[PDB]
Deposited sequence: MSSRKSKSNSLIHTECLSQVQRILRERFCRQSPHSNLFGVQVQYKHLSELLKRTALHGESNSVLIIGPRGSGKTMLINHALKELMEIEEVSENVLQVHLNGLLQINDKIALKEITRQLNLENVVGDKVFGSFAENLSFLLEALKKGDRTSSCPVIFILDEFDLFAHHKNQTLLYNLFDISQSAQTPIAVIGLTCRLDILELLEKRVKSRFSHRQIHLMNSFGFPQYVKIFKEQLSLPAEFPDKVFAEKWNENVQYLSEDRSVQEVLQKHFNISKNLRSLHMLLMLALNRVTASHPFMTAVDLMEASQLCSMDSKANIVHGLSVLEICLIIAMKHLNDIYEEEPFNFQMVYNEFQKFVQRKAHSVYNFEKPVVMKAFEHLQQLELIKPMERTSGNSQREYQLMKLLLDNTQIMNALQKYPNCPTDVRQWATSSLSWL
């Protein structure tokens, strides 16, 4: 149905507010209490929310801010400023964004301020403000950390209530900061590590792929949820769920798998099947270098086998085109048969195509200093990738494979 696709595409792709909170109750208690304390009293605080990728940092701060804004007195008189470490790469850009988001762009006018903190103090004196700093580890790679010092200093000293929430992925975030800004940062840390096991992951699979209680057609929602409940207990589902849980505990990978699974649901196929999830798992788990080696010609495969022989005889030493061509000539003149005795320029063309795909990397990159041959290079394919991709080559000649084993 169309509405199922709409609601589930808004759930998985454009990551959307859903009521469920998974293993973050203590952390949400800490964050909600601190934000409510900043909003209703005059306390000024700093938090670093630390977690790996896709572990629910922005979900937690958006949910906490939504519940905080449900209070009417907070919603009347609390201002927010969002700043990302990707968009604002300088302190001038960030300061312009602070002036614009506080709706004081008309107020500041043509007035000139002697220092950055004079600009910020003029901003704040025209009612609490909450600062959210997405990609906090990029704000600490600036010149002298003017923004971090001037935010932590106003939080520690000035009367104006300010909360500085910073979302980061680095576990060493308290080693990039300067000593003086480390002093003014109250070391309140919220860690969203993924502390849940595999049966809880199966409940995650059930709870995300389920229609809400405000859905209009109730009988289709009921039979959809019963089909999902049945699909959670299927052993073929739990094998690929075990494989994806073994790779990572991230929920964003699960959402990618669920979107690839749900993509195969049409008017002809109303309900999800285990084969949909297995096909999605086969899509996600492809090996890229084997896919690239599958598309090569025969001559490039012979070049790669000659390179493998060079790396096996003269171990961990780079090579140029002349040694590779000498080994390939030792093939074509004696070992197998007369043809594939191609000339040097077409073999050089194949070698340059292997360089273009970045299956070969130069040992030293100096363009123009050296000619095309006599340039030392290294192979970026392991032996077992070569053997596995060679077994799956579409029409491989027998003598090339027999040369590769020997």
Comparing the deposited sequence with the modelled residues, which stretches have no C-alpha coordinates? 1-16, 143-151, 432-436
